[PDB]
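One letter stands for each residue in the lines below.
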Amino acid sequence: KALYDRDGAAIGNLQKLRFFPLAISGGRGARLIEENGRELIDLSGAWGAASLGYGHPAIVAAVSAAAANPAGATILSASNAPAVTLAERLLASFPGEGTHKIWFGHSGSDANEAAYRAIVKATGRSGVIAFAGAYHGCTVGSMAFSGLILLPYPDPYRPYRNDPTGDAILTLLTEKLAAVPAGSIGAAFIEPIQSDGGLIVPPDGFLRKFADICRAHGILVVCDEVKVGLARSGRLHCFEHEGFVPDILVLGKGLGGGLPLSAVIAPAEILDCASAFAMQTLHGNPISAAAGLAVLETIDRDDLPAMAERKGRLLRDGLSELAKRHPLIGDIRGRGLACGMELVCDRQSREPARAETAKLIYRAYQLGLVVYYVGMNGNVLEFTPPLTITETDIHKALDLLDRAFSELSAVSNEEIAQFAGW
Amino acid sequence: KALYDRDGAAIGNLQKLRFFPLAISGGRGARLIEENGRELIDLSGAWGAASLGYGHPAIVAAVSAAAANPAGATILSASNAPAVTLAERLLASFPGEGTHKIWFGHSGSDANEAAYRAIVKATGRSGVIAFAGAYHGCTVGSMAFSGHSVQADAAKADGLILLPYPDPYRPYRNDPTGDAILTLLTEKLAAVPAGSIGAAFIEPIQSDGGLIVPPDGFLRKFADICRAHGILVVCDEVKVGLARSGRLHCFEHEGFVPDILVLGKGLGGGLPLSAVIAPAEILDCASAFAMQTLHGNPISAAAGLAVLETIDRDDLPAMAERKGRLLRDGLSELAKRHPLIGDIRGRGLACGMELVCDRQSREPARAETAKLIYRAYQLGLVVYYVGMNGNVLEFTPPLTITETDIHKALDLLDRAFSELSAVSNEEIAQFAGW
Ligand SMILES: *Cc1c(COP(=O)(O)O)cnc(C)c1O
Ligand SMILES: *Cc1c(COP(=O)(O)O)cnc(C)c1O
């Protein structure tokens, strides 16, 4: 039986996000090795989780050593040195000396859930501001508000109310705040680059101004950097690009370099408001913790933010070259190695090319390239490879992507129909 | 400055369940190693997550090889070999009626939530039966049908029905047979529209409720009432599953097979991993529905496999049954000496010891229990308490715990009983506990 056929038989549809029959048995650096023998360049990096790539020496060393001599298995019922070392390391990376503490999780979902629960418990303020198209996780607790003030994301490519500046969204926020009692909203949840929305970098200056308004109202600013955080944006934290510092930082995916690990950096008052309150047995386990430590160590050691900045420009330069040749490309956006490329039927009408996008990723897979699409309209290719990816791998991936566009016709809508996707 | 103070400075209280200042920098077998190098026998096994203990060679080999050559990092947008192999291995070991599939998670919390969300999605029946005192998780979705104190302050599912647990030591309405509970169930089902309940969540030994083994034959009768009303039976074996009970699956003791099995804790051997074994119709009813990026990651999956292969190779069910008798015998020996010990219960290496002020009226001895484990810690033995009354000592050691470890543990436990008055009220007040 083929690996992909075994998968369909053993594993239920519930957790499947499948677009093509990718069936993996290995990985080395930025390359996935399929069962069938072929290597593929990973432009996805498991949605950004594989920050250091596959089999990075630092991850192997840290994880192997931890497995061999684990400081227990939890942070709930015992303090453990790896988790404490990682916590101090995270506090050191954030402007929160004496003011902030750490909460460890398994995922961005449980981390966002925990932040919200803790905010409500600590402040009694259960009202929330979030953006339409926001992704804060896929559990009841994180979809709770992923009471609610929904704002449009300030998208330069598709302005709200005919205002490219985004200032009409700040005016909307002002009205929504005045419409409801002061002290009713406890938190604003932001993505400093929108993920599921289609890798949208907000217009310049918007978020600084957004945060200002929140602070004026005693509203906590929660920055969700599960996707775009830890070196990936060309700086360590994505908010560094934006002229503000959040009250709360949520971290996940790439934090674990392949292991389940998330963290909330939050004021001490928020995280000390109760004990035994948001906890799961393997939270703060020393094997995930040691993996996270290796990720942060490598980020500093190998200057991964500068690597991401340098390699992102190269990638996005590459994409612009393809745009001269392929009219489908309408917008190329991003910071560092978090890039999006939106595909449109007309560049002036900006009408989304959904069908063509689906064929494009399927085709790219046949050619030896792993890339997925996101967006409200299913028309934005997401690029989040290992920060470790080689300049050679980028150029190869660019050729394959070029090839994919030239060969969309080679993919039928019935090959697309076999994979349920989103 | 020392590790425990550094922890208070860096890590919030929100996720802390602390009973004493245990500060760990290492582990070997059934032993935890503190910052200064002092060794402690771990009878908790991290609430049973450390199924194979610490630094077990099979976990080390599995994890190191998977880190070196990982099959991606996900089962969401890719199939990977470690996860499928693990899925089929779990499937092979389940004596299911019909055909079943696997959902993979990080924890028993996300697994219970996902099981429930899938049932509601597959069937449209949102009503749920769970037991008073039930612990199914600490996420919004899994707290919705839980009954423990941790979940006491959370939003409960509409159509949640809570039944008393069949506790031999504290029988509901003083009926030792458990008949009054099945009678209560019957009255509950008919105060509610026919076909409205989709699920019944069962702990085959109730964990946080006080490590409670139900009356013999009760769960089979309970399962029968559910099956006759179209209600799917969900067996939460996160705590008490995979060899720990003296059998591979704890339901093997109760003479019924569940529709859905939930796994976690010990499944990962120290890495985050859970699983749901559910009928195909339930797990296939939707796609991209209940998902987190690192679900089915190949490193957690490799450990899961090392756990099941070790369970098989070392016949860990048979080991647990014997080591468990050895442990409960030793505890019975302690009962003959210390009047606080009111009840000793459990299967295999899942054991509970309830402490009471008086053996006749069985009033819970809360203050002594806290002092007991604090003293045990000082003597070099790690053990926690559970229960609605905070009076139940829980023993869930690594399944690979040696006989000598157990004897050493029994001696330190004996000593901790003799010496609990050494522990001051002020010392305990420093730890928030439950
Ligand atoms: C992936 C992601 C999450 C959720 O993380 P999981 O690990 O999938 O639960 C939350 N927020 C953002 C911005 C993400 O990208
Ligand atoms: C521990 C436990 C859970 C929850 O598992 P986490 O790892 O804490 O999410 C659920 N049910 C039972 C019976 C448990 O023991």
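Just give me the short version of the sheet that holds strand β12 (residues 341-347) of chain B, but keep the residues and values in it.
Within a sheet, neighbouring strands are paired by backbone hydrogen bonds and run either parallel or antiparallel to one another. Residues and elements named next belong to chain B. One open sheet accounts for 4 strands, arranged β12-β13-β16-β15; its pairing is antiparallel. Looking at strand neighbours, the two that pair on one side only are β12 and β15 (384-386), the edges of this open sheet. Adjacent strand axes in the sheet meet at a mean angle of 30°, parallel and antiparallel pairs treated alike. Running over the sheet, helix α12 (residues 403-418) touches β12, β13 (350-355) and β16 (392-395) and is turned about 15° from β13.

Would you mind going over the sheet that holds strand β5 (residues 100-105) of chain B in detail, with residue names and values included?
Residue and element names in this part refer to chain B. Taken together, the 7 strands give an open sheet; going across it, the order is β5-β11-β10-β9-β8-β6-β7, and neighbouring strands pair in mixed fashion. Edge positions in the open sheet fall to β5 and β7 (160-163), since each of these has one partner strand only. Mean inter-strand twist for the sheet, computed between neighbouring axes without regard to direction, equals 20°. Sheet analysis places strand β6 (residues 127-131) next to strand β8 (residues 197-202), joined by 3 bridges and oriented parallel. When the sheet's bridge partners are listed, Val128 is paired in β8 with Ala199. Running at roughly 160° to β7, helix α6 (residues 179-190) makes contact with β6 and β7 of the sheet.

If you had to explain the site of ligand 1 to someone new, which residues and values would you point to?
Of all residues adjacent to ligand 1, which total 15 residues, the nearest are A:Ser109, A:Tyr135, A:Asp224, A:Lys253 and B:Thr293. Neighbouring residues of ligand 1 are not confined to one chain but are distributed across chains A and B. Within the backbone of A:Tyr135, a nitrogen or oxygen atom sits 3.1 Å from a nitrogen atom of ligand 1. Separating a nitrogen atom of ligand 1 from a side-chain N or O atom of A:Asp224 is a distance of 2.8 Å. Tallied by class, the residues present in the shell around ligand 1 amount to 2 nonpolar, 9 polar and 4 charged.

Any chance you could break down the interface of chain B and chain A for me, citing the residues and the numbers?
The figure often quoted for interface size is the accessible area lost as the parts come together. At the junction of the two partners, chain B supplies 96 residues and chain A supplies 93 residues. Each partner contributes to the roughly 7,800 Å² buried at the junction of chain B and chain A, and carbon and sulfur atoms together form 60% of this total. The largest per-residue losses of area from chain B upon contact with chain A belong to B:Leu14, B:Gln15 and B:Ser77, which jointly make up 11% of the total buried on that side. For the pair chain B and chain A, the number of links is 2 salt bridges. The partner of A:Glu88 in a salt bridge is B:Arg6, and the shortest N-O contact between them spans 2.8 Å. Summed over the shared surface of chain B and chain A, the number is 53 residue pairs in polar contact. As paired elements, strand β4 (residues 79-80) of chain A and strand β1 (residues 23-28) of chain B share 2 bridges and run parallel to each other. If you follow A:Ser79 over to β1(B), its bridge partner there is B:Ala23.

So what's going on with the packing of helix α3 (residues 81-93) of chain A against helix α1 (residues 3-10) of chain B? Residues and values would help.
When two helices pack together, their arrangement is given by the angle between the helix axes and by the axis-to-axis distance. Axis separation between α3(A) and α1(B) bottoms out at 10 Å; the angle between their running directions is 40°. Put simply, α3(A) runs oblique to α1(B). Here the hand of the crossing between α3(A) and α1(B) comes out left-handed. In this structure, α3(A) contributes A:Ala81, A:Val84, A:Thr85, A:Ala87, A:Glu88 and A:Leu91 to the contact, and α1(B) contributes B:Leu3, B:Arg6, B:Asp7, B:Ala9 and B:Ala10.

Lay out unusual backbone geometry with the relevant residues and their values.
For B:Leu211, which is not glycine, the phi torsion reads 50° and is therefore positive. With respect to the element layout, B:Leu211 can be found in the loop between β8 and α7 (218-227).

Help me get a handle on the pattern of salt bridges, residues and values and all.
Under the defined criterion, the tally for this structure stands at 41 salt bridges over all chains. Linking B:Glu88 and A:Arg6 is a salt bridge whose minimum nitrogen-to-oxygen distance equals 3.2 Å. Taken together, the positions of B:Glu88 in helix α3 (residues 81-92) and A:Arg6 in helix α1 (residues 3-10) put the pair across two chains. With a relative accessible area of 25%, B:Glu88 lands in the partly exposed category. Take A:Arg6: its relative accessible area is 19%, and that puts it in the buried class. Between A:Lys101 and A:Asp272 there is a salt bridge, and its shortest N-O distance comes to 2.8 Å. Overall, A:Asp272 belongs to the partly exposed group, its relative accessible area being 31%. Three or more residues joined by partner-sharing salt bridges are found here, namely A:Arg28, A:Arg31, A:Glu39 and A:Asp393.

Talk me through the site of ligand 2; I want residue IDs and the actual numbers.
In the neighbourhood of ligand 2, 15 residues make up the surrounding shell, with A:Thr281, B:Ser109, B:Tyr135, B:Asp236 and B:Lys265 lying closest. Ligand 2 sits at the junction of chains A and B, each of which supplies nearby residues. At 2.7 Å from an oxygen atom of ligand 2 is found a side-chain nitrogen or oxygen belonging to B:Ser109. One of the side-chain N or O atoms of B:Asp236 is found 2.8 Å from a nitrogen atom in ligand 2. Protein contact buries 96% of the 380 Å² of open area that ligand 2 shows by itself.

Give me the domain arrangement of chain B: which residues, what numbers.
Residue and element names in this part refer to chain B. Each assigned domain of chain B is listed here: domain 1 (1-55 + 315-434) and domain 2 (56-314). Counting residues at the interface gives 40 residues for domain 1, matched by 41 residues for domain 2. Buried area between domain 1 and domain 2, both sides added, is near 3,100 Å², and the carbon and sulfur share of it is 57%. It is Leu52, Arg347 and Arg362 in domain 1 that bury the most area against domain 2; as a group they hold 22% of the surface buried on that side. Inspection of the domain 1/domain 2 interface yields 3 salt bridges. The closest approach of N and O atoms between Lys239 and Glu394, which form a salt bridge, is 2.7 Å.

Rules used throughout
Residues numbered from 1 in each chain as written, not as in the entry; some residues may be left out. Chains lettered and ligands numbered in written order. Heavy atoms only, no water. Pairing = 2+ DSSP bridges. Helix = DSSP H or I, 4+ residues; strand = E, 2+ residues; numbered from the N terminus. Axes fitted to C-alpha atoms, helices over the stretch in contact; angles between N-to-C directions. Contact = heavy atoms within 4.5 Å. Near = heavy atom within 4 Å. Polar contact = N/O pair within 3.5 Å; in protein donor to acceptor, adjacent residues only side chain to side chain. Nonpolar A, V, L, I, M, F, W, Y, C, P; charged D, E, K, R; others polar. Buried area = accessible area lost by both parts, 1.4 Å probe. Salt bridge = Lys/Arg side-chain N within 4 Å of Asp/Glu carboxyl O. Parallel < 35°, antiparallel > 145°, perpendicular 65-115°, else oblique. Left-handed = near helix turned anticlockwise from the far one by under 90°. Buried < 20%, exposed > 50% of the residue type's maximum accessible area, 1.4 Å probe, protein only. Areas by Shrake-Rupley, 256 points an atom, 1.4 Å probe, with all protein chains shown as cover. Domains from an automatic or database assignment.

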